[PDB]
Amino acid sequence: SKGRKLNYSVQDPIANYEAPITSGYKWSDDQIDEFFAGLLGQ
Amino acid sequence: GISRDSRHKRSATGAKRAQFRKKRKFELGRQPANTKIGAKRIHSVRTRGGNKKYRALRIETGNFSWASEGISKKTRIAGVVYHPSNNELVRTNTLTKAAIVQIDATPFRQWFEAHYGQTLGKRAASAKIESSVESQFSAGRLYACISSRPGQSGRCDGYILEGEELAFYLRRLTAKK
Amino acid sequence: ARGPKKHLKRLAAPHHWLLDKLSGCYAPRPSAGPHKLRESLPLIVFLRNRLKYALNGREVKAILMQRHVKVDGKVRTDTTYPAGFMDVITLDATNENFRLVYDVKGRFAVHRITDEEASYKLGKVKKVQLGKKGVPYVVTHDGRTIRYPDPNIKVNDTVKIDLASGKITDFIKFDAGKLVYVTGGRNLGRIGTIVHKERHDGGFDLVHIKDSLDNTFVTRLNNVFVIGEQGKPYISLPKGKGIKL
Amino acid sequence: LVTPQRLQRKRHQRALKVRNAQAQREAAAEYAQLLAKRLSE
Amino acid sequence: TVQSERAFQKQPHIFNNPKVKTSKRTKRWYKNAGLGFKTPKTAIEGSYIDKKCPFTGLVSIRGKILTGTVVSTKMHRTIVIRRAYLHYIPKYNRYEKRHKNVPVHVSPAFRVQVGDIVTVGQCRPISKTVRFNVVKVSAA
Amino acid sequence: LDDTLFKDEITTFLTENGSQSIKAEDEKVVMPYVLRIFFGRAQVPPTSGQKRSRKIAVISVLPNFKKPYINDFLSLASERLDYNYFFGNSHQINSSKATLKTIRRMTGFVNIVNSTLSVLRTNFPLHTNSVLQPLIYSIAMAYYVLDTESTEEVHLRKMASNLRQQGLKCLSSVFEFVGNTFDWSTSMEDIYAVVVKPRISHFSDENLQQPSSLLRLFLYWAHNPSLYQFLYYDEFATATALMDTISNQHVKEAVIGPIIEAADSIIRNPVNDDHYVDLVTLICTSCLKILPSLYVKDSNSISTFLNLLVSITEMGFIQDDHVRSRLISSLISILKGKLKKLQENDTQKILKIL
Amino acid sequence: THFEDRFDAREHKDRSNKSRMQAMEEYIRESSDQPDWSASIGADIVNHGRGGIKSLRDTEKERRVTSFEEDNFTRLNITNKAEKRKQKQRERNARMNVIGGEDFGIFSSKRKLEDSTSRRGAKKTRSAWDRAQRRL
RNA sequence: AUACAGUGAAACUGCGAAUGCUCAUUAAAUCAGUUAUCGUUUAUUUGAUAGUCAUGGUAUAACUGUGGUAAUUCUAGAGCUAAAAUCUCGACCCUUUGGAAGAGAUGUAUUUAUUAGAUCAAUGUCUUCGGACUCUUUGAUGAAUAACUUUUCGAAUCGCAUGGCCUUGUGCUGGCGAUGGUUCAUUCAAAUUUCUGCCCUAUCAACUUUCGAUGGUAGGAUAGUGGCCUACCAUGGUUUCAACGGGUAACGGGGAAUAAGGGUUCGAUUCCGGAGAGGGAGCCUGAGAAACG
């Protein structure tokens, strides 16, 4: 449509406008995965 | 800038034509005034020639009429409950032309009871006004239709709904409820 | 360009002045005024080219604001006042008047006019309308807006106005069988009685006119001016009767 | 400073206003008799 | 259903007072074109609300009056008429046929099907690609 | 106090049951200050469009507070005014102070009372010492100047005349407006003296072309059953002038209609009191001078007076041979006249009269 | 319908000097025999004989510009581009065509006379009854 | 001339300053023609046009003086100039010019709702010749309210009358010339817009919804309509009559232009069309600028 339909296609002006970014996690992802499992769902 | 040319739409043939000229002054479209509700702040714009066009961005008070007997008073708005264009518009309560609003009942009922002497709800033939009208009198919250461009006039004029109009709008609300 | 224009070449001058082509490089632009520019005559052309009263522009400016030329009763101080068709230019120091009228060749023509005939001027009544306070005003072709006219005045009429006070005196309604003056179109300059009209809404109202060689011809209603009946004009027309030999 | 020139100017302009207002009233009147005549006709 | 759109589709500047009772519910305004055309009784009693209707809407018809032959009638409230007229080619001095496939808004008061000599008149610009509006019908 | 923020700021807080209202005891305390400032804004003249809108806004704002509050406002109006000489005496005032300043104050007062009645038509109160004394006070010295002054004071005469007109008009309107909210019978005597004093002498040929306030006052009097007190207080001198006006042919239909409407209100509304024989005597004289009417002296007026005569005939309290000769002559005139604009049931009521 | 109804400036304008066809003009002068208004010899020759006599056209053009002075009462000046062009062209044609005051480029040209005459030319005779009417 | 009046620099204010060269090529685009604007704007022109305090406060510039800094056309702080008539009827005459007692009314601007754009004279018919009829014609009439608002206003401005009256106050009164202002018309313009017309090529049959493509409804926006833009939708339009596309040397063409007063087609003028004024981006006044000093 005008813009409603999700035209999945690559964008040239925002191709490398903020590509890439260094992985600034302050975690090691491992206990946080166990923790997200051990969140309020458990 | 914001233009209202035709120099960008497709041709009726269905092809894109050539660029003609830099976009001028007279073929301009100004910035849309999302007029909210609140402390009335008016802003003047100098349009072509020496014409002055007012944009009020907020308002509390509008001029409203009954043609039921021909009265019209300046009252304080209360809220935005319907408008046919956009649900988001209705939601965030940015009043426009042809908007459906809740308006106060107090000066109108004051005039009515000071003009007839009959308490609302609870000149006999003219005093038998419509039942939903007097129910909204009891509610203190009337339904009005702002029928004026606010972002052109800088004014806000409305009329309180009548039978078939009120009927369709009530049906609209009850279908959307 | 950025707006209107102010210079104009000799060659682009309208025909009904009948100029040369190399008196200068730019022509006298008419001032904006009571007549349309494409049908008007500026006084510098009138007093430099045609009647040869003056011969240089500074000189004619000098006479104009020696304040002798009176146009339409009043006095002008313009070097390029737009005098128009069927109009009045007098002059006190020669004790003369000139009613300006079109010829058969599509060009202007002066008419030597005596004082009392110069006292009045006709106007093609364009339209009457109800203005403010519910009063009527009538508008001619030449910007003439007059309060309280005849109710019998309709659109496309002709009213004679005395000029010593700017006041309406007489009126003639266009009907069938009138002494028309053709002004525009193909057939300017052929004056005779009309035949009739064809109506075309969304379009034009054509007029068939039979001139004195008993020849009919069709012209736009907008080109119509009204004089009177047959054999009685309200204007002392010149010799020729709108006939080209 | 107030001067007789100023006062006479003020008198003159107020006089012009009342006289041409009266002239407008006369114009309305004379058109009224004209219109009365041409409706009676 | 006549009022099936989002807003109350009504003819504006038209008041009906529910106090004093009436025969037909809304006194419906309609003016005359003039210009040789006749108002239709189907429009006079027409309950449709078309602000682009030349008789009941607030539109003016002043200028060119043409006619045409309809080919397709598959829009809402508007059609396209195709007119094949003669065209002159002087470098051959030969005639040819050329068709303008021109659109026009129609009023529901007139029912038009393919095979119609329709007489239309121009207006102020109605939409992006239309400046005509039908006034006269001759179906076959 | 600011002018550019006046109206908007009023609607900001002075509007009741909204945003930023004022508490009960506090608002009771700050009554006088609001009263003084609104009196000042009213005393500002409406000489421009903005001053017009300001005065309209002032009077629209006023009636929303409370009955004693607006009574206090009217009390301050009377306090700027006065009635002491006239009402320590019966009708005389010793200090002959009828100056242009005094009558200008009077006219401002009648302007503001016209304003408050027009805004609070069927709701505003009537305090006794607040309205009745200054009204007839101002009308009394209005007629005093009208009588005791020649035409040399065109200034005094003009605004005394307009003062009289406005006072009579607002008296008529307050009569139409309150009706029966209060026991009228306090100053019937003094007000009737000042009604029968100036105008009932020449009431015939003064107002025939146009309806006027005293005429519609008499309409309301004869229509209202409680103002049969007024009628019985009179020995029907005002009704005699009414007879004179309805006998004179130079009187407007807008005058004629209400007169016989109130006359048939007398006719149909009974009352068990004295002078009702005088009332029906007046009704007989009214039939006598309604004889030359209705065909040489409007369709709605014809239909109305037809219904009134239907009432007259259908109870028929007049049965004399003279009134019956009047009735048969009226019938032959009516049925001789053109009734093509009438309808079947109305014709059937005429038929029942016959 | 639709049309224009505008001033035919070009049609109310003249083209007679455009369609003039000088050899048969010379003949119709001989036939219509009015005397000629020719000048004397010193009025003829141009510039101590550096140029020719003059052409008959040039006599006409001088007479007309002198008429512009006669009524209009003003002259020309030394305007650069236009008169340099016209003066050069007219003098070159003087030195290439006119001999002793009469011209022969009129024969070296290529404008025919049948495009003027054209067997009655405008509103021509194209029907036999038109022939009958013109013969009677 | 003891207020000045001649003259005049600095400055306030009014208006104009919107009539410069270089670089890029489009075949309904442009251009020419023809409309429409009961759908818009207008400084200027001319024409009309508004009964609704013997005079209110300011400020500056300049000047004076004191300074800063390498330095601007840089900069500091101090002193300075209520009223008022008019329209509606009519009580009388006195018969002429009527004059008139007393009875009623009186802005524009903004925004919106409401309200606003069937009869008669005879001469006609009948006529009993007196008249009835407007049936049949000759002729006439039409077909503001409620409020709303930063108040717009209804001139605190230049050139000359010198009289008339007595209250001689220098009191009243007044006439003939300039600058402004309310609106409307008109003029100069401008914007879109109807339709009419321009090359080669199917070795171009597809094109549009992938900025709405087509249309509706509603709203914003604009001086103004209109998918110009957004919601809500309908699912369309163009096309071998070849749409579309490609090339066009499109310094091209327009009787656009005066023409060639006899060169074989040739001259002279005019419109090119757009963009730029270090480079993208944004803003500002004025009637008119997307001004690019």
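Protein chains in written order, with the entry's author numbering: chain JK, 459 to 500; chain DI, 2 to 123, 146 to 200; chain DE, 2 to 246; chain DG, 178 to 218; chain DL, 6 to 145; chain UT, 892 to 1188, 1191 to 1247; chain JE, 222 to 357.
Think of the CB as a built atom: it goes at the ideal place given N, C-alpha and C, for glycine as much as any other residue.
Look at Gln67(DE) here: in three-state DSSP terms it is coil, with no helix or strand label.
Between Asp206(DE) and chain DL, the shortest Cβ-Cβ separation is not below 9 Å. Under the three-state reduction of DSSP output, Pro45(DL) falls in the coil class, being neither helix nor strand.
A Cβ-Cβ distance of about 12 Å is found for the pair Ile192(DE) and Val227(DE), leaving them out of contact under the 8 Å criterion.
When CB distances to chain DE are screened at a threshold of 8 Å, the residues of the region 223-241 of chain JE falling below it are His223, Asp226, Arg227, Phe228, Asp229, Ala230, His233 and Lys234, in chain order. Annotation for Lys10(DI): no beta strand (DSSP E) segment contains it, and DSSP assigns it neither H nor E.
Beta-bridge analysis with DSSP links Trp67(DI) to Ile72(DI).
Proximity of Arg67(DL) to chain DE, defined by a Cβ-Cβ separation below 9 Å, is satisfied. Runs of the alpha helix (DSSP H) spanning 4 or more residues and lying entirely within the region 102-160 of chain DE occur at 116-119, in chain order.
Using beta-carbon distances, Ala12(DL) counts as an interface residue toward chain DI, with a partner under 9 Å.
Annotated as distal: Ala100(DI) and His116(DI), with beta-carbon spacing of 9 Å or more.
With fewer than 16 other Cβ atoms from the protein chains shown falling within 10 Å of its own Cβ, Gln983(UT) counts as exposed.
In the three-state scheme derived from DSSP, where H, G and I count as helix and E and B as strand, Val123(DL) is classed as strand. Counting along the chain, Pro108(DL) sits inside the beta strand (DSSP E) bounded by residues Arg99 to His110. Using a Cβ distance threshold of 9 Å, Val105(DE) and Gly190(DE) count as a contacting pair.
Residues are counted here when their Cβ sits less than 7 Å from a Cβ of chain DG; for the region 142-172 of chain DE these are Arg148, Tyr149 and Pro152, given in chain order. Taking C-beta atoms under 8 Å as the contact rule, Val1001(UT) and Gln1057(UT) qualify, at a distance of about 4 Å. Counting other Cβ atoms within 10 Å of its Cβ, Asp1213(UT) stays below 16 and is therefore classed as exposed. Counting C-beta atoms within 10 angstroms of its own C-beta, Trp1075(UT) has 16 or more neighbours from the protein chains shown and is therefore classed as buried. Around the Cβ of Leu216(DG), a 10 Å sphere holds fewer than 16 other Cβ atoms; the residue is exposed. Taking one beta carbon from each stretch, the region 293-300 of chain JE and the region 333-344 of chain JE have fewer than 3 pairs nearer than 8 Å; the two do not touch.
Chain DI has a Cβ within less than 9 Å of the Cβ of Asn22(DL).
Listed by position along chain DL, the residues whose Cβ is nearer than 7 Å to that of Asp202(DE) are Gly39, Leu40 and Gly41. For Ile86(DL), the uninterrupted beta strand (DSSP E) segment begins and ends at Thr83 to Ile94. Contact annotation, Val102(DE) with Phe86(DE): C-beta distance approximately 7 Å; criterion of less than 8 Å satisfied. Taking a Cβ-Cβ cut-off of 9 Å, the neighbours of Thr295(JE) in chain DE comprise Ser24, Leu56 and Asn57, given in sequence order. For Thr184(DE), DSSP records no beta bridge to any residue. Along the region 94-118 of chain DI, the positions whose C-beta sits under 8 Å from a C-beta of chain UT are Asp105, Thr107, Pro108, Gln111, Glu114, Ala115, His116, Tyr117 and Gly118, read in chain order. When 9 Å is used as the limit between beta carbons, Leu9(DE) is near no residue of chain JE, the shortest such separation being about 16 Å. Within the same chain, Cβ atoms closer than 8 Å to the Cβ of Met1134(UT) are found at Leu1173, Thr1176, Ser1177 and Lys1180, the five residues on either side in sequence being excluded. Residue burial annotation: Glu1044(UT) is exposed, with fewer than 16 other C-beta atoms found within 10 angstroms of its C-beta. Listed in chain order, the non-local C-beta contacts of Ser1078(UT) below 7 Å within the same chain comprise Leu1023, local neighbours out to five positions each way being set aside.
At a cut-off of 3 residues, the continuous stretches assigned as beta strand (DSSP E) that sit fully inside the region 16-60 of chain DI are 43-48 and 52-57. Beta-bridge analysis with DSSP links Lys198(DE) to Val208(DE). Nearest in C-alpha terms to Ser966(UT), of all of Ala989(UT), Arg1159(UT) and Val1004(UT), is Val1004(UT).
DSSP places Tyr235(DE) in no beta strand (DSSP E); its state is neither H nor E.
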